[PDB]
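Quick setup: one chain, the form deposited in one PDB entry, written in structure tokens, and binding and motion questions come after.
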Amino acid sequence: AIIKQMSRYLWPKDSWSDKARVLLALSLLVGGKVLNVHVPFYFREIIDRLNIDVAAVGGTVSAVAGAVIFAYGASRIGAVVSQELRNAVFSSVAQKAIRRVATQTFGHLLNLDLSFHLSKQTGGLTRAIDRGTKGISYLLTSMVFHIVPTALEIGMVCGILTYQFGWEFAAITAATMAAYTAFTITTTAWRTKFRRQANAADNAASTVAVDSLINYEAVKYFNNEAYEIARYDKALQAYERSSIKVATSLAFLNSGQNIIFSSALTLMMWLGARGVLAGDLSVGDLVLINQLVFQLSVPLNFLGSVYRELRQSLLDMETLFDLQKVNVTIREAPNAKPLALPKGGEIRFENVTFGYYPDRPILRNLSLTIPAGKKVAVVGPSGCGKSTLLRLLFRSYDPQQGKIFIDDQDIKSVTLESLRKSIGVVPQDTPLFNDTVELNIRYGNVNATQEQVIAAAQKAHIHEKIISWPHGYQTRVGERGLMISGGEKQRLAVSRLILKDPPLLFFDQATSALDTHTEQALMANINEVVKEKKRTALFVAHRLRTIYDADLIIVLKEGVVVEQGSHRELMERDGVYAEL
């Protein structure tokens, strides 16, 4: 539809070299088809040059028909070499167009907001990408490999037969192509019913066998061996009764296709003989007619899949080109200002209402002030909604009402890249890229040198543990690697943050780790990396005993700030460590 032009007139036409490769492919397409229809013509030339008074005139091959004997073979070889070079060049063109489409779409997805990414399946987006690019590739590949060469050659052959022999040869060839396509498309739509039935009966027989072998002791406790051999036999028999329909309908397909071409090639042999006996044609022209139409029958193998599979592929591109139209919700403000970094970073929540599912909020007119260069910890019950204090300041969501300020300027005005640069985050659950430990350290600042990586692991106290691993900091870590404990993951995240070196720091639920001792070490280390560097640190933890020592402690009771104090005057509440 419009999707076809959206791809086919945008991605293959971008540069010079790629446009050159497209034109090369198209020239080879037409060149191949021209050589193709020259193979029968040189064949009739050979016939018509040796069909002479042999004993009277012709002396040697290479003087009577050597030129056209060589040109027959050269056109034959060239007509296939041009197809294969056309396919090998347009596969490159297609692959670069899919690479551009996939890399742009993936960049757009990484641009899209957290809200969109949280309402999608884990592999849903990537299978959309992959199926969409297979749809683009299959559609371009079919159009250049199969559909357009075949239509061009039907055009060339009907033109040749109309020029030399009459319109009725082209009428018979076009009616043959129409009948062959109608037959093939229809009956290969019918055959898939049969193939799915046979496949299902195969799985049924297999499952009978599996289920009877798993429950083997029950089979022989109840003496039912003959019963299960009978059930397997019956399921296998119901499988062969559907494999018969698959094979018989394939016989119908193939034999009907060749009945259509053989009826054409005989009718046009009768019509060519009728014109040989009238003096119009020569017996070489019978070979011309026969071989032109036969060569039409050769490239037609693609016709089985095409009408299902292009339709599927068109759907697969539709999904992908709908993904490119999802809008980002958090918008960078026009004429945004990267600012307030040298200013003493203070955070000012004012009257902020925020809530997922906006009818039911979490923060109710919240207002608070984080002083510059200090250490502030907010406290509340687990699930009070303190966990959004991240997402609202880092601007992965927006405040529905109220405003967020850094140094008396709204984050909704500051440049979004500049904003996200300023804050570093220790998340609750540290994610692991399936890569080295070294790269997971590096990911804080990807341009950092190896000595910077080791220094960061030193400052967050990991380097002895990565030495203790077998391969060193080159250890393969992740879901499919060397498993590491939650404490080592948290230290890993701390090292990421240190290597980033941001002015603003969050430590959201770093104390979600089970061990109290490991979190004691973790809190200690994050204190020494906070201290003396004016690193404005916010700690969001569910255990105030872990962070009773903060400069300022702000409590939150269901969307409102209640009081602010020290360890003792706020330990008077519940949740005490008397049971810890």
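Residue indices: 1-based, along the sequence shown. Heads up, when I say rigid core I mean the largest set of C-alphas that superpose within 1.5 Å between the two forms.
Beyond the structure shown, there is the form deposited in another entry, which is absent from this document and is the topic of what follows.
### Message
I want to make sure I read this right: if the two forms are fitted on their rigid core, which of 409, 449, 215, 103 has a C-alpha displacement of 2 angstroms or more between this form and the one not shown?
### Response
So the only displaced C-alpha belongs to 215.
Aligning on the core only, does the CA of residue 556 end up 2 angstroms or more away between this form and the one not shown? The answer is no, as the C-alpha of residue 556 shifts between this form and the one not shown by less than 2 Å after core alignment.
*residue 159 C-alpha shift between this form and the one not shown of 2 Å or more, rigid core reference*: Shift at residue 159: below 2 Å after core fit.
**Prompt:** Can a Cα shift of no less than 2 Å be assigned to residue 390 between this form and the one not shown, given superposition on the rigid core?
**Reply:** No.
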